[PDB]
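Q: data16.tsv is the file, holding TSV, N, CA, C and O atoms and all ligand atoms:
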```tsv
chain	number	residue	atom	x	y	z
A	1	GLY	N	-120.87	209.57	284.03
A	1	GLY	CA	-122.01	208.68	283.90
A	1	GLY	C	-121.60	207.24	283.67
A	1	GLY	O	-120.43	206.95	283.43
A	2	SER	N	-122.57	206.33	283.75
A	2	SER	CA	-122.30	204.91	283.56
A	2	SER	C	-123.46	204.23	282.84
A	2	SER	O	-124.56	204.77	282.77
A	3	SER	N	-123.21	203.04	282.32
A	3	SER	CA	-124.23	202.28	281.60
A	3	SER	C	-124.41	200.90	282.21
A	3	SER	O	-123.50	200.07	282.18
A	4	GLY	N	-125.59	200.65	282.76
A	4	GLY	CA	-125.87	199.36	283.37
A	4	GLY	C	-126.58	198.41	282.43
A	4	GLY	O	-127.71	198.67	282.01
A	5	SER	N	-125.92	197.31	282.09
A	5	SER	CA	-126.50	196.32	281.18
A	5	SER	C	-127.65	195.58	281.85
A	5	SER	O	-127.62	195.31	283.05
A	6	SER	N	-128.67	195.24	281.06
A	6	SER	CA	-129.84	194.53	281.58
A	6	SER	C	-130.13	193.29	280.74
A	6	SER	O	-130.73	193.38	279.67
A	7	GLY	N	-129.69	192.14	281.24
A	7	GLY	CA	-129.92	190.89	280.52
A	7	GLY	C	-131.21	190.22	280.93
A	7	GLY	O	-131.90	190.68	281.84
A	8	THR	N	-131.54	189.12	280.25
A	8	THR	CA	-132.76	188.38	280.55
A	8	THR	C	-132.45	186.98	281.05
A	8	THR	O	-132.11	186.09	280.28
A	9	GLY	N	-132.56	186.78	282.36
A	9	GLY	CA	-132.29	185.49	282.95
A	9	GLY	C	-132.03	185.57	284.44
A	9	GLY	O	-130.99	185.12	284.93
A	10	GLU	N	-132.98	186.14	285.17
A	10	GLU	CA	-132.86	186.28	286.62
A	10	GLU	C	-133.75	185.27	287.34
A	10	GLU	O	-134.97	185.39	287.34
A	11	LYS	N	-133.12	184.28	287.97
A	11	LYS	CA	-133.85	183.25	288.70
A	11	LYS	C	-133.11	182.86	289.97
A	11	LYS	O	-131.89	182.98	290.08
A	12	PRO	N	-133.87	182.38	290.97
A	12	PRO	CA	-133.31	181.97	292.26
A	12	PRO	C	-132.48	180.69	292.15
A	12	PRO	O	-131.94	180.20	293.14
A	13	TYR	N	-132.39	180.16	290.93
A	13	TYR	CA	-131.63	178.94	290.69
A	13	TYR	C	-130.39	179.23	289.84
A	13	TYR	O	-129.93	178.37	289.08
A	14	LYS	N	-129.86	180.44	289.98
A	14	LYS	CA	-128.67	180.84	289.23
A	14	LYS	C	-127.40	180.46	289.98
A	14	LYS	O	-127.24	180.78	291.15
A	15	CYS	N	-126.50	179.77	289.28
A	15	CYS	CA	-125.23	179.35	289.88
A	15	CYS	C	-124.37	180.55	290.24
A	15	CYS	O	-124.58	181.65	289.73
A	16	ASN	N	-123.40	180.33	291.11
A	16	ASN	CA	-122.50	181.40	291.54
A	16	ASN	C	-121.09	181.19	290.98
A	16	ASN	O	-120.39	182.14	290.66
A	17	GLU	N	-120.69	179.92	290.88
A	17	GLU	CA	-119.37	179.58	290.36
A	17	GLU	C	-119.13	180.24	289.00
A	17	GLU	O	-118.18	181.00	288.83
A	18	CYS	N	-120.01	179.95	288.05
A	18	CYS	CA	-119.89	180.51	286.71
A	18	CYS	C	-120.92	181.61	286.49
A	18	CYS	O	-120.60	182.69	286.00
A	19	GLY	N	-122.17	181.33	286.86
A	19	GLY	CA	-123.23	182.31	286.70
A	19	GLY	C	-124.32	181.84	285.76
A	19	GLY	O	-124.92	182.64	285.04
A	20	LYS	N	-124.57	180.53	285.76
A	20	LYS	CA	-125.59	179.95	284.90
A	20	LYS	C	-126.97	180.07	285.54
A	20	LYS	O	-127.09	180.36	286.73
A	21	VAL	N	-128.01	179.84	284.74
A	21	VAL	CA	-129.39	179.92	285.23
A	21	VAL	C	-130.16	178.65	284.92
A	21	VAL	O	-129.95	178.03	283.87
A	22	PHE	N	-131.04	178.26	285.83
A	22	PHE	CA	-131.84	177.05	285.65
A	22	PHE	C	-133.28	177.28	286.11
A	22	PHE	O	-133.62	178.35	286.61
A	23	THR	N	-134.12	176.26	285.95
A	23	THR	CA	-135.51	176.35	286.36
A	23	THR	C	-135.80	175.45	287.55
A	23	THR	O	-136.51	175.83	288.48
A	24	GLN	N	-135.23	174.24	287.53
A	24	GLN	CA	-135.43	173.29	288.61
A	24	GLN	C	-134.16	173.15	289.45
A	24	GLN	O	-133.05	173.22	288.93
A	25	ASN	N	-134.33	172.94	290.75
A	25	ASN	CA	-133.20	172.79	291.66
A	25	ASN	C	-132.22	171.74	291.14
A	25	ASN	O	-131.05	172.03	290.92
A	26	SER	N	-132.72	170.52	290.96
A	26	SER	CA	-131.89	169.42	290.47
A	26	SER	C	-131.02	169.88	289.30
A	26	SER	O	-129.81	169.67	289.30
A	27	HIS	N	-131.65	170.50	288.31
A	27	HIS	CA	-130.93	170.99	287.14
A	27	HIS	C	-129.76	171.87	287.54
A	27	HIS	O	-128.71	171.87	286.90
A	28	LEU	N	-129.95	172.64	288.61
A	28	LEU	CA	-128.91	173.54	289.10
A	28	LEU	C	-127.87	172.77	289.92
A	28	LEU	O	-126.70	172.72	289.55
A	29	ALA	N	-128.31	172.18	291.02
A	29	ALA	CA	-127.42	171.41	291.88
A	29	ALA	C	-126.50	170.51	291.06
A	29	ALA	O	-125.28	170.55	291.23
A	30	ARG	N	-127.09	169.71	290.18
A	30	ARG	CA	-126.32	168.81	289.33
A	30	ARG	C	-125.26	169.57	288.55
A	30	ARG	O	-124.12	169.11	288.40
A	31	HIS	N	-125.63	170.74	288.04
A	31	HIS	CA	-124.71	171.57	287.27
A	31	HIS	C	-123.51	171.99	288.11
A	31	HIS	O	-122.37	171.86	287.69
A	32	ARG	N	-123.79	172.50	289.31
A	32	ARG	CA	-122.73	172.94	290.21
A	32	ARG	C	-121.66	171.86	290.36
A	32	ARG	O	-120.52	172.15	290.72
A	33	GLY	N	-122.04	170.61	290.08
A	33	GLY	CA	-121.10	169.51	290.19
A	33	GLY	C	-119.84	169.74	289.38
A	33	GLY	O	-118.75	169.37	289.81
A	34	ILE	N	-120.00	170.34	288.21
A	34	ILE	CA	-118.86	170.62	287.33
A	34	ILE	C	-117.78	171.40	288.07
A	34	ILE	O	-116.59	171.23	287.80
A	35	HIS	N	-118.20	172.25	289.00
A	35	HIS	CA	-117.26	173.06	289.78
A	35	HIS	C	-116.71	172.26	290.96
A	35	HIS	O	-115.51	172.29	291.24
A	36	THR	N	-117.59	171.55	291.65
A	36	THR	CA	-117.20	170.74	292.80
A	36	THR	C	-116.82	169.33	292.38
A	36	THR	O	-117.68	168.46	292.22
A	37	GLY	N	-115.52	169.10	292.19
A	37	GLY	CA	-115.05	167.78	291.79
A	37	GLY	C	-113.59	167.56	292.12
A	37	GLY	O	-113.26	167.07	293.20
A	38	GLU	N	-112.71	167.93	291.20
A	38	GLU	CA	-111.28	167.76	291.40
A	38	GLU	C	-110.83	168.46	292.68
A	38	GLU	O	-111.45	169.42	293.13
A	39	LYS	N	-109.73	167.97	293.25
A	39	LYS	CA	-109.19	168.55	294.48
A	39	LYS	C	-107.90	169.31	294.20
A	39	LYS	O	-107.09	168.91	293.36
A	40	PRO	N	-107.69	170.42	294.92
A	40	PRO	CA	-106.50	171.25	294.78
A	40	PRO	C	-105.24	170.57	295.30
A	40	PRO	O	-105.12	170.30	296.50
A	41	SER	N	-104.31	170.28	294.40
A	41	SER	CA	-103.06	169.62	294.77
A	41	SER	C	-102.42	170.31	295.97
A	41	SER	O	-102.68	171.48	296.24
A	42	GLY	N	-101.57	169.57	296.68
A	42	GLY	CA	-100.90	170.13	297.84
A	42	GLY	C	-101.80	170.17	299.06
A	42	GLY	O	-103.02	170.08	298.96
A	43	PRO	N	-101.18	170.31	300.25
A	43	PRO	CA	-101.91	170.37	301.52
A	43	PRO	C	-102.72	171.66	301.67
A	43	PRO	O	-103.35	171.89	302.70
A	44	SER	N	-102.69	172.49	300.63
A	44	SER	CA	-103.41	173.76	300.65
A	44	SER	C	-104.72	173.62	301.42
A	44	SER	O	-105.08	174.49	302.21
A	45	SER	N	-105.43	172.53	301.17
A	45	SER	CA	-106.71	172.28	301.84
A	45	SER	C	-106.66	170.98	302.64
A	45	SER	O	-106.69	171.00	303.87
A	46	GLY	N	-106.58	169.86	301.93
A	46	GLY	CA	-106.53	168.57	302.59
A	46	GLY	C	-107.75	168.31	303.45
A	46	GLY	O	-107.75	168.66	304.63
B	101	ZN	ZN	-121.89	177.04	287.48
```
Translate this structure into structure tokens?
A:
Amino acid sequence: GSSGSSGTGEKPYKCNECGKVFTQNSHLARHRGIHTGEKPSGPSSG
């Protein structure tokens, strides 16, 4: 058998990088910024 946890915070504005939840798009998009910023050293991407 298994146990499935059930938390409270399911919204269409939930981030994927970390897994945060918001109410307004802006609040979310702006948050995602924390993830999208610094660049990976080396030509890995470029
Ligand atoms: Zn996030």
Q: For region 20-23 of chain A, please output as a compact mmCIF listing (two decimals) with N, CA, C and O atoms, keeping the file's coordinate frame all residues within 12 Å (counting only C-alpha atoms; exclusion window: fewer than 2 positions along the same chain).
A:
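Saved result, selection34.txt, follows:
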```txt
# COMPACT_ATOMS: atom_id res chain seq x y z
N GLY A 7 -129.69 192.14 281.24
CA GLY A 7 -129.92 190.89 280.52
C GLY A 7 -131.21 190.22 280.93
O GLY A 7 -131.90 190.68 281.84
N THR A 8 -131.54 189.12 280.25
CA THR A 8 -132.76 188.38 280.55
C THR A 8 -132.45 186.98 281.05
O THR A 8 -132.11 186.09 280.28
N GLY A 9 -132.56 186.78 282.36
CA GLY A 9 -132.29 185.49 282.95
C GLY A 9 -132.03 185.57 284.44
O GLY A 9 -130.99 185.12 284.93
N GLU A 10 -132.98 186.14 285.17
CA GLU A 10 -132.86 186.28 286.62
C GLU A 10 -133.75 185.27 287.34
O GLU A 10 -134.97 185.39 287.34
N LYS A 11 -133.12 184.28 287.97
CA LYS A 11 -133.85 183.25 288.70
C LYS A 11 -133.11 182.86 289.97
O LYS A 11 -131.89 182.98 290.08
N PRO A 12 -133.87 182.38 290.97
CA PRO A 12 -133.31 181.97 292.26
C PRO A 12 -132.48 180.69 292.15
O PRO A 12 -131.94 180.20 293.14
N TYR A 13 -132.39 180.16 290.93
CA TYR A 13 -131.63 178.94 290.69
C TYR A 13 -130.39 179.23 289.84
O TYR A 13 -129.93 178.37 289.08
N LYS A 14 -129.86 180.44 289.98
CA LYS A 14 -128.67 180.84 289.23
C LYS A 14 -127.40 180.46 289.98
O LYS A 14 -127.24 180.78 291.15
N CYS A 15 -126.50 179.77 289.28
CA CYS A 15 -125.23 179.35 289.88
C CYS A 15 -124.37 180.55 290.24
O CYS A 15 -124.58 181.65 289.73
N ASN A 16 -123.40 180.33 291.11
CA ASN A 16 -122.50 181.40 291.54
C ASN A 16 -121.09 181.19 290.98
O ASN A 16 -120.39 182.14 290.66
N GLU A 17 -120.69 179.92 290.88
CA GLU A 17 -119.37 179.58 290.36
C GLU A 17 -119.13 180.24 289.00
O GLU A 17 -118.18 181.00 288.83
N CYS A 18 -120.01 179.95 288.05
CA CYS A 18 -119.89 180.51 286.71
C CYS A 18 -120.92 181.61 286.49
O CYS A 18 -120.60 182.69 286.00
N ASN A 25 -134.33 172.94 290.75
CA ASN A 25 -133.20 172.79 291.66
C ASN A 25 -132.22 171.74 291.14
O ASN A 25 -131.05 172.03 290.92
N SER A 26 -132.72 170.52 290.96
CA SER A 26 -131.89 169.42 290.47
C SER A 26 -131.02 169.88 289.30
O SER A 26 -129.81 169.67 289.30
N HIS A 27 -131.65 170.50 288.31
CA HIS A 27 -130.93 170.99 287.14
C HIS A 27 -129.76 171.87 287.54
O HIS A 27 -128.71 171.87 286.90
N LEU A 28 -129.95 172.64 288.61
CA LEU A 28 -128.91 173.54 289.10
C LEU A 28 -127.87 172.77 289.92
O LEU A 28 -126.70 172.72 289.55
N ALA A 29 -128.31 172.18 291.02
CA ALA A 29 -127.42 171.41 291.88
C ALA A 29 -126.50 170.51 291.06
O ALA A 29 -125.28 170.55 291.23
N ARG A 30 -127.09 169.71 290.18
CA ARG A 30 -126.32 168.81 289.33
C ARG A 30 -125.26 169.57 288.55
O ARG A 30 -124.12 169.11 288.40
N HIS A 31 -125.63 170.74 288.04
CA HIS A 31 -124.71 171.57 287.27
C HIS A 31 -123.51 171.99 288.11
O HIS A 31 -122.37 171.86 287.69
N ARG A 32 -123.79 172.50 289.31
CA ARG A 32 -122.73 172.94 290.21
C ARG A 32 -121.66 171.86 290.36
O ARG A 32 -120.52 172.15 290.72
N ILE A 34 -120.00 170.34 288.21
CA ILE A 34 -118.86 170.62 287.33
C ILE A 34 -117.78 171.40 288.07
O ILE A 34 -116.59 171.23 287.80
N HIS A 35 -118.20 172.25 289.00
CA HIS A 35 -117.26 173.06 289.78
C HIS A 35 -116.71 172.26 290.96
O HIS A 35 -115.51 172.29 291.24
```
Q: With distances taken over all atoms listed in the file, which residue among A:36, A:19, A:4, A:45 lies nearest ligand ZN 101 (chain B)?
A: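 Closest to ligand ZN 101 (chain B) of all the choices is A:19.
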Q: For region 16-28 of chain A, what centre and edge lengths in Å (one decimal) does the axis-aligned box get once 5 Å is added on each side of all its listed atoms, as lines of an AutoDock Vina configuration file?
A:
```
center_x = -127.3
center_y = 176.1
center_z = 287.8
size_x = 28.3
size_y = 23.3
size_z = 17.8
```
Q: Which of these residues is nearest to ligand ZN 101 (chain B), using only N, CA, C and O atoms and all ligand atoms: A:33, A:1, A:46, A:40?
A: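 Looking only at the distances to ligand ZN 101 (chain B), the closest residue turns out to be A:33.
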Q: So how far away is atom ZN of ligand ZN 101 (chain B) from atom O of residue 5 (chain A), in Å?
A: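 A separation of 19.7 Å between them.
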Q: Rounded to one decimal, what separation in Å do you get between atom O of residue 6 (chain A) and atom N of residue 24 (chain A)?
A: 21.2 Å
